[PDB]
Every structure is written in structure tokens, then in C-alpha cells.
Enquirer: 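Structure incoming, see below.
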Amino acid sequence: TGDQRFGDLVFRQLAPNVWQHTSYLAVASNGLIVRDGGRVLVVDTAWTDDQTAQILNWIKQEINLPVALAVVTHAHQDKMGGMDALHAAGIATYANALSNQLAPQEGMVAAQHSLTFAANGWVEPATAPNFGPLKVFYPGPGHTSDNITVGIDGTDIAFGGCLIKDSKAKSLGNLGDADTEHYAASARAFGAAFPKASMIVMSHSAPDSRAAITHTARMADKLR
Ligand SMILES: [Ca+2]
Ligand SMILES: [Ca+2]
Ligand SMILES: [Cl-]
Ligand SMILES: [Cl-]
Ligand SMILES: [Zn+2]
Ligand SMILES: [Zn+2]
């Protein structure tokens, strides 16, 4: 495959400057690593602090550039379970304000900084300083009320996190915290935000085409 293992973590290169990190609780969860010139940016923690430290040490070994910041895509264990490891390593952390507000209730450690969003879903840019190619979009409530998404400018890649399921999926997975009414529109809004992205990365399946977006929305239509 060309995948690399480091400890409990698996890494897959998606583009010259983009890798997928995969950690396991065994249920896989995926996030991203982005090389932006002389620094690295992370999207999502692993499930645990130990696994998240393994991400950081793989970065040091294989890329050897400082990790400037991390953005985490909602307040659940697969995305924010490793916040203490990021803070211990001195990595500035960012999440939706609503994720930070929900974090204690969800058993997560809040990020240091809060992202806020316009009515059209786009991040208010002063809340996302020096984000380089990361384009942060809040598509509306779906998998959770706080779920956010990230496009990588200059690439074909957009990250749907746990909102988006793969195009062969039989269900929308864990709907315990979901907004079943608004989910379909939120999935479609993600697609519209990143209209040229052709590789859709998501939390619990391998990267897919845009078919994942329209399939997710079709399944979500049946919840309303
Ligand atoms: Ca912890
Ligand atoms: Ca919950
Ligand atoms: Cl790239
Ligand atoms: Cl796009
Ligand atoms: Zn979740
Ligand atoms: Zn998830």
C-alpha cells in the first residue's frame, strides 16, 4: 500500500504535503497532517493522548518541521480525545466556540482558541489567524451541532470529519448527538463550500470521491 505504521498509528500520504493519520479504539478514526512551507498543521487528535503523542513523534521523524497549530472538528473522543497531548507539546489548538462550550459536557478538554462562523458557514477570519491553506467551514448541525469541516487550499482535498460517510455506507453511524432534521442540508452545504474538491476525507472510512457527500445526504434525507 505504501502506508506507514508508527506505534499504534497508521499514516497514508494523500498528496505531496498532505497525510491521513489513522488511530484505533478496533474502530478507526482519521484526521489530517498538512505541511505548509516550514511548518505543519494538524486536523483532529487521535482517540487518546498517547496515540496523539505518537502522531507528533511520527511528524518529527518523517517531516521534521514544527507543528504550528491543530484544528479539531467537534467535541467527541475520536476528534478531541488527545487535547492534553497537544497542549503538553505546545501546539496551539483551535475548535468551534460551540465545541469548546460543549467540551466539558462531552468529557473533552477544550481547545485554547475558539473559531466563530458567519451565517453562511465560513469562519470569521480573525478567529483563524495564520491558518495557511486551511479553509474552515461550519456546514450546520448534523453528526453533532458543533461539527466543522476543513478544505486544503491548493489541493483536491476536503475533510468532512464525522459528518460524511462513505458512498457505500448502510447508515449514518453514531446519531446519538445528531440533528436528524438538518443533517441532509448540512452535508450538502459541505459539498457546496468545497465545490472543486475531488478527494473527500472522513473520519471512519478511507478517502472517497464526491459521491460520499451526495450519498450521505441521500441517507440523511430519510431521517426528516
Ligand atoms: Ca486527557
Ligand atoms: Ca454526548
Ligand atoms: Cl499537496
Ligand atoms: Cl473547492
Ligand atoms: Zn462525533
Ligand atoms: Zn466519529
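In what follows, residues are counted from 1 in the order of the sequence shown. Quick note: numbers below take in every heavy atom, side chains included, and nothing from hydrogens, waters or symmetry partners. Counting convention: from 1, in listed order, for ligands and their atoms alike.
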Enquirer: Which atom name would you report as the N, O or S atom of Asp78 nearest the Zn ion (ligand 6)?
Expert: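 Result: OD2.
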Enquirer: Is there a chain of hydrophobic side chains (I, L, V, M, F, W, Y, each step under 4.5 Å between heavy atoms) that links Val40 to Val150?
Expert: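 They do not share one cluster, since no chain of ILVMFWY contacts under 4.5 Å joins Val40 to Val150.
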Enquirer: Can you tell me the N, O or S atom of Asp177 that's nearest the Ca ion (ligand 2)?
Expert: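 Sorting the N, O and S atoms of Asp177 by distance to the Ca ion (ligand 2) puts OD2 first.
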Enquirer: Any N/O/S atom of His204 sitting less than 2.8 Å from the Zn ion (ligand 6), backbone or side chain?
Expert: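 Checking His204: at least one N, O or S atom is under 2.8 Å.
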Enquirer: Please determine which of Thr144, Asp146, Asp177, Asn147 meets the side chain to side chain donor-acceptor pair (under 3.5 Å) test together with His76.
Expert: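 Among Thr144, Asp146, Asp177, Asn147, the one meeting side chain to side chain donor-acceptor pair (under 3.5 Å) with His76 is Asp177.
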Enquirer: For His143 and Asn174, which I'm curious about, is there any donor-acceptor pair between the side chains at under 3.5 Å?
Expert: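 No.
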Enquirer: Does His76 bring an N, O or S atom to under 2.8 Å of the Zn ion (ligand 6)?
Expert: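 So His76 does not bind the Zn ion (ligand 6) by this criterion.
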Enquirer: Between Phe117 and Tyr138, what is the ring plane arrangement, given parallel below 30°, perpendicular above 60°, and tilted in between?
Expert: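 Ring orientation of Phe117 relative to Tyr138: tilted.
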